[PDB]
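So the structure is just underneath, and the comments pick up after that.
Just so it is clear, none of the values below were taken in a lab; they were calculated from the coordinates. Cβ placement follows ideal geometry from the backbone for every residue including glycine, while neighbour counts extend to all protein chains displayed.
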Amino acid sequence: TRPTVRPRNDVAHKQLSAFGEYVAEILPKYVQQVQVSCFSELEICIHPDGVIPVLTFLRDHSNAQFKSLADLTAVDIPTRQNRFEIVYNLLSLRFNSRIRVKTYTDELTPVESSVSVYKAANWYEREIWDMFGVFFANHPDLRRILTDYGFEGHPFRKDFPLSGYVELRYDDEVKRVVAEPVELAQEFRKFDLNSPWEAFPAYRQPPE
Amino acid sequence: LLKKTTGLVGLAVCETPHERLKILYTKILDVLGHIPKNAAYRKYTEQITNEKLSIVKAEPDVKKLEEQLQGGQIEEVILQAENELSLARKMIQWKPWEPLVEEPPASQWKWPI
Amino acid sequence: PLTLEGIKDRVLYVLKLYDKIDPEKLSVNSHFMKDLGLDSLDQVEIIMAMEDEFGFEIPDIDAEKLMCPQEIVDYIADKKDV
Amino acid sequence: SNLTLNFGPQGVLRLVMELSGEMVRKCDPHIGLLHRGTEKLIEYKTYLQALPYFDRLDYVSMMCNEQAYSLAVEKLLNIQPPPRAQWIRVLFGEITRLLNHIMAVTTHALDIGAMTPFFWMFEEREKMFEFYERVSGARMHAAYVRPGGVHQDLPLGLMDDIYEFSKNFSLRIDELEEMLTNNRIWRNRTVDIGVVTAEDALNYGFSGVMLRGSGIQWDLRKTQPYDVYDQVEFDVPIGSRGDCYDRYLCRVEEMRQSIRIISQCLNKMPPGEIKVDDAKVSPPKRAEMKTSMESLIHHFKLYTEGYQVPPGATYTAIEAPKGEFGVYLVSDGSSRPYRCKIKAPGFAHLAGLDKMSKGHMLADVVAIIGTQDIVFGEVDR
Amino acid sequence: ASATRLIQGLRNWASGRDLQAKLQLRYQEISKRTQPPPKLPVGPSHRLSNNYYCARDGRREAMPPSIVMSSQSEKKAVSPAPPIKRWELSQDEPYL
Amino acid sequence: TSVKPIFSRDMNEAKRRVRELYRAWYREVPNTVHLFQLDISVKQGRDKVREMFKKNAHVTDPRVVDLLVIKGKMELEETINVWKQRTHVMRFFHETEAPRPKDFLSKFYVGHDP
Amino acid sequence: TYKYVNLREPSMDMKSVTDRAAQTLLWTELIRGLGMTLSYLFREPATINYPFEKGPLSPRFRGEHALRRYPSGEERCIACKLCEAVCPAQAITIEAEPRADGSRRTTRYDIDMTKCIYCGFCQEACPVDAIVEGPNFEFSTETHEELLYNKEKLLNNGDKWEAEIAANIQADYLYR
Ligand code: SF4
Ligand code: SF4
């Protein structure tokens, strides 16, 4: 498996497993899972009440020192009762490392805003309001950032269509750009591309 | 040696880093004594703070203390000790050594679905 | 703000400028919800018309308890001397 | 009372200023004017089909974002490119870095008023777009760096022209630097302007020059290295005061060090293939597509279905010229992504615009919007 | 390259640099637009023996993420990696 | 079935928030018609605000009406601060749209849509 | 491995202080900038004489689409729909049926050139080299629907541009 296969880094794998044990035993109040991927990336799956205690720990503890917030993300998974999966990507410059902190919410439970810890989130989770509808409590200026001002709905929810429900055009009667129900000259053609043969036996889920 | 600048913008040069780190490390341990003993945060933070404080008490030089504390300039070691002190003062209020507040739902971290 | 008859007639003048209230059916003790047949937002904009006339901010906890114009004129009497 | 201005869209940006005469008390950038819903359209398209969206995010740093997405997909696939494809990726990534820093420095000088080095350096930028058109067929959006390597091998005589360009480009940097660096008017527009402390730069999620102008010694080509950046020799410029002038000097020195890297990549290009020799990921050659049965089946299934990526989530960050460019890719096991969050540096930089323009004036706002190299395609997605 | 030596000397004096050595206009020193045809090499998997795909499969050697902790002694405090080695200053041109 | 609240603890605090939001919109509508120089009357804009409040009147969940009050606050912030243009204000008045068929018979005549 | 830009201390002897004051009072670096701009005044400009002179291109260039034929007049396209399957913009719409001699051919082959992103996945997915993205970039129109090509327009593009398309494919197919 020399030329074409990506080489495994067992050193960083063992180090991130040890640090995952470390975070799981310092903070047992919120840490629900700790997992390390096969390409050596650490995920800390926590409870949504501990967004501020976990992220302030990793920012401030001298073995962690995750000073930088790289990215803040939500993922919509409609088969869960807590469909939204909030992802914090953190960068430690002292230990040259990256950690993923993952929590969850549904449409109505608010998540505590991490602008007290990382001010970078002041737009990021604001984006999560515009795109997903996840409210963030105790945010300084929470409003839409990317969609148009009168836009109803949250676009990156997976029950939201690819096109919108409204389209704009200039109307000369009212001398104004107006919104109308969307009608395409050609429908977006849904392709069914999934092969019916199993690709990865390692990821095989056990049946019922 | 009177290091003229730290290199980092907004971080001024501390004149006496040894006494400052000794005061901050003993204050970390004094705040950290209020945590129960079975908490892993107290044991780990006492361990790393005692290692750092023994290294500070072992060396009179600033620069060799920088090459053996292994944390960059001495002023950001001071700033990290301040961050650790504020963290321990928060960790007293949060009390995170307790058990898990709520089990997750059954397929909450199952991926792929 | 001086005489209670003037304040009561001014409250009735506000309510008779309000289009949805029947002027014949309107009395001093008539309830807004179950006599006059008004929405809650009708009563809310009545209270805002009273703030336009009398010129003082009425809070929320004591604007919900104003269910007849007698309670309104007694509230204005209690926020003044008369 | 105090003044409130609306510098509207007459990229593009809406600005709501709260001013106190000449000063700036509050800067609210209203964005979303180029929000096109890229990372929702990625969800319905395959990995090869989602590749050309990354060309159009940072549309002056095309092959860099191609490289970051290709590294994310190759990390989830557990495959690696051949060495020649890696040296080609680093070569064209540093050519892309020259493109982006010419765009950055010359438009930052154009907005302040120095309109001449714009025209002087876009001829060099025109020659590098000819390099892109020779390697891929399009001048800007190449769709060249793909998961598995690159799409097609270098045409014969391209490296001699990259040599002839790189031999002369340092004089172009020198005459740009002659026009601007020691110029007292350029220094008066950039020295006291937007001083960013290192702790607030780490806290605000800044990356790249926005960190390194403030003295933070962080470059992802050194610390978290990708394809062959541990095999090239270059220096990382570090600022001292965290202002617009140090960030200007950092970008000029990154052009210098990119020329150094391009010289080393021209002298160290290895022979070999340019795609991964797994034909279940990268497509076979057209000569063997038209002769072999397995290769025709793999051509059919890669250009209709695409490769299935194993289920998993990754955050792959590279050092784009604007900073840390990241792709958080979530794969559910199919041949289309489940999720693709696109971290771009300009979003966090434009979030920090409000702190960077406190206590400054109105004509310093254009200098601060210049020192953060803000392309609104990567900001609004 | 067509400028007379008076204009060329005025130009080199005004710039202060030797501009004919490094001209930003391209001339006959470029590659030919018509090239001889290539012969691209095959990769390492173009073999007729010892070339089973089950010994060079990348997508199927990737595993699900190993769960370190789940909710279903005097061990050392650890960091996610050793601390970052301090960068050495350049010897080429440190501006020092 | 025990959930974490957003702002309100029951329906009465939520109706307090709905009531204050309606008060703020009712005060804002004359300024909105004035500075956007809209062609509608003040009464017609107030009827549109009454229609948009009564559209969601069936909700009996405190968290849902909490998020509705928050989104009405965001719309009011985009109206007071001149962030919306005239087009965004007039998108509530679906003027250029055709009248939709209401009965069975005209919907039978025009197409297949129930 | 790092270098400090802008960490020089200026000298403080009378020589260098007088040098900096002469630079202040006599505007020496401003004269340096004037000298560089005067140097570019006496250069030959980089300006080509378009439309009579054209910018240099390569045989890989991705311009206007065309449908090629075999050297017997038979069109190469056999309706396999790989090009609309891989089209990242869904700009290609294909409909097919067997024609009168039983051949697998298209009845509809549309490319919306206003949807097209000009990335050439259709020419590299095509197993028979039928659709190509040829050399033409000067095909601007005065009307939007003139950029909505059907099969007849693309076959006329192939018949118009085959003498150049075949030479570009001849010059480039060994890299593919
Ligand atoms: S060039 Fe790309 S976008 Fe255009 S028709 Fe071909 S595959 Fe589609
Ligand atoms: S143009 Fe080529 S890829 Fe498209 S349907 Fe025809 S033969 Fe297939």
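Output wanted: per-residue J couplings in Hz (rounded whole) for region G:63-73, from phi through Karplus 6.51 cos²θ - 1.76 cosθ + 1.60, θ = phi - 60°, x for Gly and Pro.
Going residue by residue, I get x, 8, 6, 7, 10, 8, 10, 5, x, 9, x Hz, with x marking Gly and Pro.
What ranking do G:2-10, F:69-77 get when scored by the average of other Cβ atoms within 10 Å per residue, highest first? Please list the in-between numbers first.
Working: G:2-10: 15.4, F:69-77: 18.0.
Top of the packing list down: F:69-77, G:2-10.
Report the far tail of the P(r) of chain A, meaning the percent of Cα-Cα pairs longer than 29 Å. Spell out each step's value before the answer.
Details: 9255 of 21528 pairs.
Here the long-distance tail beyond 29 Å is 43 percent of all Cα pairs in chain A.
Which number do you get for Rg(Cα) / (2.2 N^0.38 Å) in chain B?
On the way: Rg = 18.5 Å, N = 113, 2.2 N^0.38 = 13.3 Å.
Relative to the rule-of-thumb radius for its length, chain B sits at 1.40.
For the charge dipole of chain F, defined by +1 on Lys and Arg C-beta atoms and -1 on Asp and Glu C-beta atoms about the Cα centroid, which residue among F:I40, F:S8, F:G111 has the Cα displaced farthest towards the positive pole?
Of the listed residues, the answer is F:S8.
List, in order, the whole-Hz ³J(HN,Hα) value for each residue of region D:166-175 obtained from phi through the Karplus relation with A = 6.51, B = -1.76, C = 1.60 and θ = phi - 60°; use x for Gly and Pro.
5, 5, 9, 6, 5, 5, 5, 4, 5, 7
Would you work out the charge dipole size for the protein assembly as shown about its Cα centre, treating the Cβ of every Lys and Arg as +1 and the Cβ of every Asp and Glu as -1, and quote it to the nearest 20 debye? Mind dumping the intermediate values first?
Numbers: 155 positive and 167 negative charges, 573 e Å.
Using Cβ point charges on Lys, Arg, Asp and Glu, the protein assembly as shown gives about 2760 debye.
Given the options G:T141, G:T106, G:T37, state which has the largest fluctuation in a GNM of chain G using a 10 Å cut-off (strictly under) for Cα springs.
Of G:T141, G:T106, G:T37, the most mobile in the Gaussian network model is G:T37.
Over the Cα atoms of the protein assembly as shown, Rg to Rh with Kirkwood Rh, two decimal places? Can you show the working numbers first?
Working: Rg = 33.7 Å, Rh = 33.9 Å.
Rg/Rh: 0.99.
Taking amide H positions as placed in the peptide plane 1.01 Å from N, state which residues far from A:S113 in sequence (5 or more) or on other chains have amide H under 5 Å from it.
A:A137
Given E:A77, E:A21, E:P37, which one lies farthest toward the positive end of the charge dipole of chain E, if we put +1 on the Cβ of every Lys and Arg and -1 on the Cβ of every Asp and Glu?
E:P37
Can you tell me how chain D classifies by the Cα gyration tensor, rounded, prolate or oblate, using a/c under 1.5 as the rounded cut? Before the final figure, lay out the partial values.
Values: a/c = 2.20, a/b = 1.53, b/c = 1.43.
It is prolate, given that a/c is not under 1.5 and a/b is the larger ratio.
Which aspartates and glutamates does F:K55 reach when only Cα atoms under 15 Å apart count, and residues fewer than 8 places away in its own chain are ignored?
Partners found: A:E152, C:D39, F:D47.
If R0 is 60 Å, what FRET efficiency do you get for D:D192 and B:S107 from their C-beta distance, rounded to 0.05? Before the final figure, lay out the partial values.
On the way: r = 56 Å, r/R0 = 0.94.
So the FRET efficiency works out to roughly 0.60.
In terms of Cα to Cα distance under 20 Å, which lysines are near enough to E:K75, apart from those fewer than 8 places away along the same chain?
Filter leaves A:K14, B:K37, B:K43, B:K52.
In this model, which of A:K190/G:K115; A:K29/A:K102; C:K25/C:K80; C:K8/C:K65; D:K341/F:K71; A:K29/F:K4 are farther than 23 Å apart at the alpha-carbon? Can you show the working numbers first?
Details: A:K190/G:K115 17 Å; A:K29/A:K102 15 Å; C:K25/C:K80 29 Å; C:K8/C:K65 18 Å; D:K341/F:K71 25 Å; A:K29/F:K4 18 Å.
Among A:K190/G:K115; A:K29/A:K102; C:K25/C:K80; C:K8/C:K65; D:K341/F:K71; A:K29/F:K4, the Cα-Cα distance tops 23 Å for C:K25/C:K80; D:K341/F:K71.
Pull up all non-local amide H partners of D:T4: gap of 5 or more, or a different chain, and H-to-H distance under 5 Å with H placed in the peptide plane.
For D:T4, the qualifying residues are D:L19.
For chain F, take every pair of Cα atoms, bin their distances at 5 Å starting from 0, and report each bin as a whole percent.
Pair shares across the bins are 2, 10, 17, 17, 14, 12, 11, 9, 5, 1.
With +1 on the Cβ of every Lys and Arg and -1 on the Cβ of every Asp and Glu, and nothing else charged, how large is the dipole of chain D about its Cα centre, in debye rounded to the nearest 20?
Numbers: 44 positive and 50 negative charges, 157 e Å.
Using only the charged Cβ atoms, the result is roughly 760 debye.
Could you tell me the largest-minus-smallest coordinate of the C-alpha atoms of region A:1-108 on each of the three principal axes, in descending order and whole angstroms?
Principal extents (largest minus smallest coordinate, Cα): 49, 35, 24 Å.
Nearest 500 deg cm²/dmol is fine: what mean residue ellipticity at 222 nm does the protein assembly as shown get from its DSSP H runs of n ≥ 4 alone, each adding -39,500 (n - 2.57), divided by its residue count?
On the way: 36 runs with 465 residues, N = 1170.
For the protein assembly as shown, the value works out to -12500 deg cm²/dmol.
Using a simple charge model, +1 on the beta-carbon of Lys and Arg, -1 on the beta-carbon of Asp and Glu, nothing else, what dipole does chain B show about its Cα centre, in debye to the nearest 20? Before the final figure, lay out each step's value.
Numbers: 16 positive and 16 negative charges, 26 e Å.
About 120 debye.
G:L174: net charge of surrounding residues, Cβ under 11 Å, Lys/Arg +1, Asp/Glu -1, itself excluded? Can you show the working numbers first?
Details: positive: D:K285, D:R286, E:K39, G:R176; negative: D:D153, G:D172.
With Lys, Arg at +1 and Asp, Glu at -1, the net is +2.
So which residue, out of B:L21, B:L100, B:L69, gets the largest mean-square fluctuation from a GNM of chain B using Cα contacts under 10 Å as springs?
B:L100
Restrict the search to region B:28-68; then list the trypsin sites (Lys or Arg not before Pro) that DSSP places in a loop and that have at most 14 other Cβ atoms within 10 Å of their Cβ. Intermediate results must be reported in sequence, preceding the final value.
Values: sites: B:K37, B:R42, B:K43, B:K52, B:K57, B:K63, B:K64; in loops: B:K37.
For trypsin sites (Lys or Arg not before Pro) across region B:28-68 that sit outside H, G, I, E and B with at most 14 neighbouring Cβ atoms in 10 Å, the list reads B:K37.
How many times 2.2 N^0.38 Å is the alpha carbon radius of gyration of region D:136-198?
Values: Rg = 19.4 Å, N = 63, 2.2 N^0.38 = 10.6 Å.
Computed over Cα atoms of region D:136-198, the ratio equals 1.82.
Out of region A:114-208, which trypsin sites (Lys or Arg not before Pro) are coil in DSSP terms and have no more than 11 other C-beta atoms within 10 Å? Could the numbers behind the result be given before it?
Details: sites: A:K119, A:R126, A:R143, A:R144, A:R157, A:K158, A:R169, A:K175, A:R176, A:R189, A:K190, A:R204; in loops: A:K119, A:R143, A:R144, A:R157, A:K158, A:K175, A:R189, A:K190, A:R204.
The qualifying sites are A:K175, A:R189, A:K190, A:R204.
Tell me, how many Å apart are the Cα centres for region A:1-62 and for region F:51-114?
46 Å
For chain C, take the alpha-carbon Rg, divide it by the Kirkwood Rh, and send me Rg/Rh. Show your work: numbers first, answer last.
On the way: Rg = 11.7 Å, Rh = 12.7 Å.
Here the Rg-to-Rh quotient is 0.92.
Between A:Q32, D:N267, G:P51, whose Cα lies farthest towards the positive end of the dipole of the protein assembly as shown when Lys and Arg beta carbons carry +1 and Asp and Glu beta carbons carry -1, centred on the Cα centre?
D:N267
If you count the DSSP beta bridges with both ends in the protein assembly as shown, what percent of them are antiparallel, to the nearest 5? Provide the component values of the computation, followed by the final result.
Values: 75 of 85 bridges.
Percent antiparallel among DSSP bridges in the protein assembly as shown is about 90.
Quick one: what are the phi-derived ³J(HN,Hα) couplings along region A:37-48, Karplus 6.51/-1.76/1.60 with θ = phi - 60°, whole Hz, x for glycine and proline?
Ordered by residue, 3J(HN,Hα) equals 6, 6, 9, 6, 10, 9, 10, 10, 8, 10, 8, x Hz.
Does region D:169-250 come out rounded, prolate or oblate by the C-alpha gyration tensor, with a ≥ b ≥ c the root eigenvalues, rounded set by a/c under 1.5 and, if not, prolate when a/b is larger than b/c and oblate if not?
The shape class here is oblate.
Round to the nearest 0.05 the FRET efficiency obtained for A:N138 and B:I92 when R0 = 22 Å and r is the Cβ-Cβ distance.
Numbers: r = 21 Å, r/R0 = 0.97.
My answer for the efficiency is 0.55.
Which peptide among D:147-160, G:48-61 comes first, and what is the full order, when sorted by highest mean count of other Cβ atoms within 10 Å? Walk me through the numbers on the way to the answer.
Values: D:147-160: 20.6, G:48-61: 12.6.
Top to bottom by mean Cβ count within 10 Å: D:147-160, G:48-61.
For a quick check: sort D:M140, D:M293 by the number of other beta carbons within 10 angstrom, fewest at the front.
Numbers: D:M140 15, D:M293 7.
Listing D:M140, D:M293 from fewest to most nearby Cβ atoms yields D:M293, D:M140.
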